[PDB]
């Protein structure tokens, strides 16, 4: 009766979480946005594909979004804390409601939950890769690469998730818009290299099957040195590679939401409700397209599900 009971607990203050909050304030619904401080693109030099914010800093985008909320609305609060548990209460005075705990054992109660905790990229363990990541090595040539147009050469690291001909081809064709000399690095995979040479060789694409021993990031620029197992090396203007990802936190497991084979949390059309009623997902954790515009739209629809359910629960009571 005196304990705050929020309409929604939003786990994540990234693009998805902020977008959910922005829809909820319009309908006077209450929520807490939890943000542990690390966001997937925090190391990115800019944000792309989001209207008006191209080539602008991604942290400024988040800050602008939060201020754009707090400057007018007062039903959404922001908690800069690290959550370690979320549960649907199965007993006690607030049975049926959801509860989150932070690392100091503080509690928040809510009618609904939006999971917006994002994913983390699982980087290849090639010496130097981590230091080249987001400098010379890009996850998506729509989000990066334009600034490297006219490079002497550009690379595709066709390993792990990208270790298929179709993926290598797809990424090589993107890279070809930026440079006249595309090289596909297959990192010891001779079979893939042969297929690249057979299919794309006639089109001016290079296959390189030597194992990469070290990647060296140039400080000035995107350009890197690629050092091979044989002691030789070369310079490349940039490299595209798409690491596999993993959903962050223990929350999905704790709630028992169903996962998809692709790895993201299974969603119910159209409000992205999970298999646990009253729990929704938005952003990278909730689809195979882990991009910013998807995060925005998913946040809006997740908010929609919250609004519809919370409204009905309140106003259907005489």
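Numbering follows the first chain given and starts at 1.
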Compare the mean C-alpha B-factor of 154-162 with that of 228-236 as given in the PDB entry, and name the stretch with the higher value. 228-236
Stretch with the greater mean C-alpha B-factor as recorded in the entry, comparing 90-98 against 239-247: 90-98
Out of 30, 293, 274, 43, which shows the largest CA B-factor listed in the entry? 43
Taking the values straight from the PDB record, which of 120, 213, 195, 148 has the highest C-alpha temperature factor? 195
Could you look up the Cα B-factor of residue 203 in the entry and say which third of the chain it sits in: lowest, middle or highest? highest
Chain-relative CA temperature factor third for residue 174: lowest
Hey, what third does residue 140 fall into on Cα B-factor, ranked over its chain? highest
Lowest, middle or highest third: where is residue 221 by C-alpha B factor in its chain? highest
Relative to the other modelled residues in the chain, which third contains the C-alpha temperature factor of residue 266: lowest, middle or highest? middle
